[PDB]
Amino acid sequence: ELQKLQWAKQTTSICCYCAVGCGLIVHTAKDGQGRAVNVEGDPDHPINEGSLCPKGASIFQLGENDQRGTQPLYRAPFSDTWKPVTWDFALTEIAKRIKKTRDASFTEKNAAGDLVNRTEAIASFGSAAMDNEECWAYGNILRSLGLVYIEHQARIXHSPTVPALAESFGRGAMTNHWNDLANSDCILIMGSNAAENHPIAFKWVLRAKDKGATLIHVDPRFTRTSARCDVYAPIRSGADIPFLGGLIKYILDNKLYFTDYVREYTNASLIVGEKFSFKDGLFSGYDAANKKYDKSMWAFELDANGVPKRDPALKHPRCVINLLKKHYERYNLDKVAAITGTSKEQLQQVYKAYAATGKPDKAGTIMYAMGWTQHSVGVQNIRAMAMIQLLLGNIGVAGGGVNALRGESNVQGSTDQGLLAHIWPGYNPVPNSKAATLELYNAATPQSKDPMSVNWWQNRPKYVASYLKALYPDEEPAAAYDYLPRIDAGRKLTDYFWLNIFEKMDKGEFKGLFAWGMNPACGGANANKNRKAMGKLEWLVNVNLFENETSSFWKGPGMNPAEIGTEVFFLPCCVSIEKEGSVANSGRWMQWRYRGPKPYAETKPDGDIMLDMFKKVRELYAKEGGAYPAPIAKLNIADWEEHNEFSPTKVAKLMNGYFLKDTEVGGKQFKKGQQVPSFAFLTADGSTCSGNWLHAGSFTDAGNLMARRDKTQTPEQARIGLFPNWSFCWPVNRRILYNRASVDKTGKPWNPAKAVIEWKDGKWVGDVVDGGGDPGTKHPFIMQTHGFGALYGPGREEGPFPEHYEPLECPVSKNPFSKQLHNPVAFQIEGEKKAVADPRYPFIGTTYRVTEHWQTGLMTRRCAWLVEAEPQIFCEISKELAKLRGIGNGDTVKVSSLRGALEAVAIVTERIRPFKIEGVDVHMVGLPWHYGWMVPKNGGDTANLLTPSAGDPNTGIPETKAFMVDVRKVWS
Amino acid sequence: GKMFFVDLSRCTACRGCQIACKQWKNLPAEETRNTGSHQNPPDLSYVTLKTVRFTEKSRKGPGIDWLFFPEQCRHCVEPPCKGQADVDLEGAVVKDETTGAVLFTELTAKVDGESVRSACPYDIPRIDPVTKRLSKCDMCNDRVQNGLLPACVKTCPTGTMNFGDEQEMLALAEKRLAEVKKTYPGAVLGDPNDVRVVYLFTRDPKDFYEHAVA
Ligand SMILES: Nc1nc2c(c(=O)[nH]1)N[C@H]1C(S)=C(S)[C@@H](COP(=O)(O)OP(=O)(O)OC[C@H]3O[C@@H](n4cnc5c(=O)[nH]c(N)nc54)[C@H](O)[C@@H]3O)O[C@H]1N2
Ligand SMILES: Nc1nc2c(c(=O)[nH]1)N[C@H]1C(S)=C(S)[C@@H](COP(=O)(O)OP(=O)(O)OC[C@H]3O[C@@H](n4cnc5c(=O)[nH]c(N)nc54)[C@H](O)[C@@H]3O)O[C@H]1N2
Ligand code: SF4
Ligand code: SF4
Ligand code: SF4
Ligand code: SF4
Ligand SMILES: [Cl-]
Ligand SMILES: [Cl-]
Ligand SMILES: [S]
Ligand SMILES: [W+6]
């Protein structure tokens with residue numbers, strides 16, 4: 001027996017860092033009664049098999065960390081010191097501040113006279129770091145208080161993936177899962193540094209390569225990923241659409257597309273209306289004065305039955321696939337090479353290797369993340385790759401898909417729970433001010449008259465009614481609908497998102513902010529604006545593991561505490577191994593984890609903090625009365641607690657849902673109190689509650705399916721690694737989305753050796769089928785109104801096809817693709833200066849991660865083994881730029897933009913080379929964003945001092961991956 | 001006895017192994033600074049038994065050869081370190097003949113530490129300036145005695161790290177060398193008949209580290 005592990009109890013957990021979702025084994029002293037003594041990998045877990053990267057391997061140091069918060073701290077207005085306070089003081093006073101601010105700001109009706117019942121003077125940020133049950137409860141607390149400004153990591157992360165992939169396929173999530181990568185014939189890693197940022201993924205990537213896959217890395221930098229790939233090609237930051245449109249042209253010109261898949265399963269055959277056109281970089285319907293498109297100009301031509309017209313011959317000039325060929329004909333190799341910097345030879349090599357996967361018995365996959373999302377064209381970057389995958393028949397297949405790699409351990413779950421301003425849990429839209437009734441809300445859902453179109457969102461009334469019953473079980477759904485706040489129908493949606501929240505805050509329009517498990521003083525683009533704007537708050541509640549740049553922004557760089565009136569409450573929460581609950585990984589696997597040690601010192605799990613705070617608000621309303629108290633007073637919080645604490649188990653069962661009365665549904669009889677077995681059995685009439693329809697099926701009368709640790713598989717399942725009995729994925733355990741597209745009209749797989757589903761002896765075997773129906777009876781994309789993979793996607797803010805636009809700060813003021821330089825509807829704030837081919841800021845700036853740190857480094861800058869490996873902010877530059885500026889390797893340099901400046905250590909490397917753009921060498925400056933002024937000594941500050949608060953018009957994500965800077969040697 | 005086979009053709013320099021070694025032993029961190037490299041700590045030391053060394057070599061066309069070397073004691077079949085320690089005081093360096101581990105004891109404080117380091121053809125031993133004790137990788141010998149993998153082998157995400165009985169591990173090393181040579185024609189095993197940590201280098205081992213091989 002090992003001395004180290006003697007008299008220690010073993011429990012399982014899931015890594016608190018990235019969305020791979022690796023399993024842990026925790027040992028806790030004194031048979032569970034003491035501190036953690038050891039944290040390492042779970043050998044039985046099917047994803048990591050005991051492996052951990054340096055972040056997972058250091059969780060012991062994170063949890064058992066003498067720098068962790070111990071109890072609440074209070075910073076009075078104009079004070080330079082924290083005062084330790086009790087939980088009771090902190091939460092009593094926070095309840096007073098919430099209520100004072102709500103009672104003064106609450107609006108029953110908007111200026112138009114429409115009911116909105118909202119509090120506009122409080123915002124909340126966070127958090128993908130909380131458990132799923134905590135995320136769900138948190139969003140419901142905030143909406144009961146009337147908030148609409150509710151955001152988190154997702155906004156500044158994978159927000160553009162959701163509309164990009166929902167436009168394309170019907171859903172926003174990663175389509176496949178980590179184990180499935182080993183099934184791929186060609187893995188393109190592009191806009192991702194997976195060997196550093198999803199390290200255990202490389203177990204499965206390299207297994208693909210062992211079985212004959214080609215691995216391709218396309219990145220402005222040569223990284224630790226590039227070192228292990230077969231093909232490495234550079235690409236200039238912000239030049240993805242040229243590269244991807246060139247591959248569309250290549251596939252169409254060479255007839256490398258999967259003809260039958262494209263004809264049957266994509267919208268290739270649909271006829272676009274005569275009002276659609278594109279000229280000189282603008283689609284039809286551009287309103288120059290309002291910087292907006294009239295998207296009605298992009299509509300399909302409809303038949304007399306109101307179904308889009310189709311030409312199965314693919315001959316009509318207005319067929320999607322003919323308009324697609326016409327759009328991408330400009331993307332020839334010479335023009336793509338000239339704008340990307342990528343040689344024609346390397347473009348041909350990558351295009352040939354990847355487009356080879358258009359064969360039915362071959363599968364290509366894309367692994368992407370922030371290199372694609374964090375742009376003013378983030379949605380369109382992703383759309384272009386979704387279109388490629390559809391042309392090649394890679395959607396729905398093993399080893400294929402769009403592997404949009406989620407970031408935080410539960411950013412999939414926090415998005416699923418609606419911690420974004422535009423969505424309730426389960427991707428039901430937040431009502432706008434014109435949806436005056438639940439009937440008017442439901443009438444917005446598109447209907448189909450195509451009998452082969454499943455159009456599954458027609459079930460939305462069941463999900464919204466069951467959600468309103470989860471919150472307000474005593475009320476009819478139509479009555480409860482009036483409790484929840486509404487956004488103004490008249491406004492751009494981006495007015496409600498992260499960047500505009502900070503702009504409003506800088507104008508003094510917010511009294512209070514919750515920084516709940518986020519560090520916006522470091523993680524938000526244009527961090528100088530953020531740090532200044534937080535001093536215009538009356539109060540800030542920061543919930544986090546350590547004191548940090550956000551909690552303590554009032555004593556940050558250049559700040560005078562004596563001039564800053566913001567009252568701050570710092571509330572220390574528990575680490576992941578100190579609580580129970582679920583996290584949803586990038587493949588939508590909802591995994592249950594257990595407590596090892598008790599909470600450190602006087603720290604609390606987020607669920608208890610938010611429930612105790614909310615109960616204090618409810619008690620204060622009982623004492624005083626106030627603004628429209630009903631939504632607060634009536635909220636069903638009985639179901640969230642057991643033994644006077646937050647109950648992960650009870651909240652998870654409520655999220656799944658249960659029957660409030662005896663009900664007959666799907667000709668089955670259910671009893672009051674039974675769990676809902678799946679979302680198929682939810683009702684619109686108030687019989688069922690379900691906090692989140694996607695969770696209906698996760699926690700049934702059979703028990704907690706998220707807690708399953710069964711690696712049992714049928715032969716067909718084990719051939720591709722579905723592990724359907726390991727945890728539970730939404731929706732209803734469909735591990736590979738869109739898997740009806742993986743079979744022909746008879747239900748035979750395109751690629752039998754890697755079948756996902758297969759029609760055998762009158763049933764679908766393998767994965768859970770994504771949409772019920774016999775073979776050939778339904779279009780395969782069941783969440784799409786029309787049923788098809790969309791090559792042409794007319795719901796996007798800057799058009800139905802991707803088109804190259806330069807980054808909003810760019811090295812050239814020419815675009816060879818068209819007259820249009822920038823995204824003509826981009827999110828931007830008037831007055832904010834942009835460096836466009838400015839010789840004062842002549843270098844491309846981009847920001848990215850290293851294996852050893854996490855996020856803003858709030859967590860990992862406290863972990864001595866990770867600081868040891870990567871102690872300081874660095875600046876990566878080529879030898880050629882180093883020579884131009886007289887910078888030696890290891891020298892101190894100053895990187896500057898229009899918005900800020902910071903010092904870093906130069907890393908001079910051949911891993912970065914010039915980008916030859918129209919014959920002219922363009923130099924880049926790379927920075928990590930893991931550093932901040934609080935800790936460690938000489939670590940440096942945030943790269944977000946440099947980044948622009950401007951970006952994608954669809955989702956408001958900032959362009960943190962492509963801006964402009966200068967670099968200069970520091971002589972000190 | 002046991003053996004590591006370390007397939008450096010699979011290494012992503014994640015440093016999982018570097019952190020896992022410290023977590024298992026509860027080792028302290030060094031004071032480090034960035035001097036123009038991801039590599040850190042820059043060297044083995046009394047508190048650092050494994051560091052991943054990073055070396056960049058120019059290659060024609062885009063990209064480089066980025067060579068990663070997770071350095072540790074090689075657990076020599078016949079360790080010179082022990083021969084030298086034994087000149088000053090026996091019992092400073094002992095062998096586990098079941099596992100093959102070579103093990104430093106606290107009696108290293110009473111031998112000439114610089115001479116013991118000089119005797120190592122891999123330049124592995126490191127001396128504590130305060131106590132004069134020597135440290136290095138101890139093969140996670142107590143884990144191995146208890147039927148577990150070494151911490152750095154268990155943690156590795158890529159199949160770079162492999163551990164098992166010497167006959168199976170040398171057969172695996174020769175099989176993998178033949179396969180990797182299809183892509184990396186200068187691939188070689190490091191001193192495979194002399195050591196219990198057998199590295200597969202993708203090119204001249206001295207490009208990975210000056211003391212990569214004897
Ligand atoms: N080690 C580590 N892992 C993490 C995290 C972490 O902090 N540390 N954070 C987690 C989170 S929240 C997320 S969202 C994921 C993000 O994971 P990634 O997206 O992998 O993260 P980054 O390193 O920011 O960006 C990936 C790559 O984009 C490249 N790049 C820069 N500009 C461009 C461009 O315009 N186009 C293209 N094609 N590439 C470009 C960069 O050089 C970089 O190598 O990582 C998660 N995992
Ligand atoms: N320049 C630039 N900026 C970026 C990015 C980039 O690539 N470049 N990446 C963007 C992306 S993808 C993301 S996701 C964001 C991240 O931005 P933030 O979310 O602000 O980053 P952090 O706060 O560092 O990381 C998440 C927080 O979760 C906290 N936490 C951990 N466990 C718990 C818990 O149980 N409860 C609570 N309440 N808190 C907990 C951690 O302590 C940590 O502070 O940054 C974005 N910003
Ligand atoms: S950070 Fe990601 S890859 Fe690393 S151990 Fe955690 S879940 Fe696994
Ligand atoms: S854990 Fe494995 S892949 Fe990571 S650096 Fe160590 S040997 Fe290389
Ligand atoms: S075998 Fe054990 S002591 Fe040696 S490097 Fe690996 S973790 Fe460290
Ligand atoms: S590598 Fe050096 S320290 Fe390790 S056993 Fe061999 S001679 Fe001794
Ligand atoms: Cl203080
Ligand atoms: Cl030893
Ligand atoms: S994230
Ligand atoms: W993220």
Side-chain angles (χ1 to χ4, degrees), chain A residues 20 46-47 165 169 171 173-189 194 201-216 258 260-261 265 354 356-368 385-386 388-405 585-589 711 713-726 729 731-744 746-760 764-771 775 780-781 789:
Chain A
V20 170
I47 304 183
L165 298 189
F169 312 146
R171 308 184 180 94
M174 172 151 121
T175 70
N176 294 49
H177 64 92
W178 300 111
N179 289 77
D180 188 64
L181 295 166
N183 296 319
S184 191
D185 300 296
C186 191
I187 302 182
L188 178 58
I189 308 177
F202 245 69
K203 181 183 299 265
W204 304 99
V205 177
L206 291 180
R207 284 172 182 177
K209 173 177 154 96
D210 292 331
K211 288 179 286 177
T214 297
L215 305 185
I216 308 172
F258 185 174
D260 284 349
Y261 184 108
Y265 296 163
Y354 198 80
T357 71
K359 298 175 258 301
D361 68 316
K362 298 287 176 179
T365 194
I366 172 68
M367 299 176 70
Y368 81 85
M385 191 66 219
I388 286 160
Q389 288 295 74
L390 288 169
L391 286 173
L392 297 178
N394 283 326
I395 303 298
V397 306
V402 175
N403 287 316
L405 307 186
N585 87 342
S586 195
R588 298 159 276 109
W589 296 23
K711 288 197 298 186
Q713 298 193 91
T714 66
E716 294 102 7
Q717 288 158 9
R719 194 163 50 187
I720 62 165
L722 290 173
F723 294 97
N725 304 299
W726 188 279
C729 69
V732 289
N733 218 36
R734 298 157 179 170
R735 295 272 160 146
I736 295 174
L737 301 186
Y738 316 126
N739 57 38
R740 291 180 73 94
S742 73
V743 298
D744 70 17
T746 74
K748 293 284 201 292
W750 302 125
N751 188 10
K754 296 182 168 157
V756 182
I757 63 175
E758 175 153 8
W759 189 249
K760 300 201 158 296
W764 296 112
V765 304
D767 200 6
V768 176
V769 65
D770 188 20
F781 295 92

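Hydrogens, waters and symmetry mates are skipped; everything else that's a heavy atom, side chains included, is used. We name chains A, B, ... by the order of the sequence lines, and we start the count at 1 in each one.
Remark: the backbone N or O of A:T365 is paired with a side-chain donor or acceptor of A:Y354 at under 3.5 angstrom. Of the possible donor and acceptor atoms, none in the side chain of A:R588 sits under 3.5 Å from a partner among the backbone N and O of A:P731. Checking side-chain atoms of A:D180 against main-chain N and O of A:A398 turns up no donor-acceptor pair under 3.5 Å. Between the side chain of A:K209 and the backbone N or O of A:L215, no donor-acceptor pair lies under 3.5 Å. Under a 3.5 Å cut-off, the side chain of A:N403 and the backbone N or O of A:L181 do not form any donor-acceptor pair. In this structure, the side chain of A:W764 does not engage the main chain of A:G747 through any donor-acceptor pair within 3.5 Å. No side-chain donor-acceptor contact under 3.5 Å links A:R734 to the backbone of A:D767. Using a distance-only test at 3.5 Å, with no hydrogens or angles considered, no donor-acceptor pair links the side chain of A:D185 to the main chain of A:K362. Under the 3.5 Å distance criterion, the side-chain polar atoms of A:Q713 are left unmatched by any main-chain donor or acceptor of A:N725. Using a distance-only test at 3.5 Å, with no hydrogens or angles considered, a donor-acceptor pair links the side chain of A:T175 to the main chain of A:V402.
Looking only at side-chain heavy atoms (C-beta outward), A:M385 and A:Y368 stay at 4.5 Å or farther from each other. The shortest side-chain heavy-atom distance between A:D770 and A:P780 does not fall under the 4.5 Å cut-off.
In this structure, the ring pair (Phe, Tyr, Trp, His ring centres under 6.0 Å) partners of A:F258, at least two apart in sequence or on a different chain, are A:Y261, A:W750. Residues that satisfy the ring pair (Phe, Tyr, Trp, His ring centres under 6.0 Å) test with A:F781, not counting sequence neighbours, are A:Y738. Taking A:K760 as the reference, A:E758 meet the salt bridge (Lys or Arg N to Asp or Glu O under 4.0 Å) condition, with sequence neighbours excluded.
Under 3.5 Å, the side chains of A:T357 and A:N394 contain a donor-acceptor pair of N or O atoms.
A:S586 approaches A:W178 most closely through the heavy-atom pair CB-CZ2, 3.5 Å.
When the shell of 6.0 Å around NZ of A:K711 is examined, it contains more than 12 heavy atoms from other residues, nucleotides or ligands.
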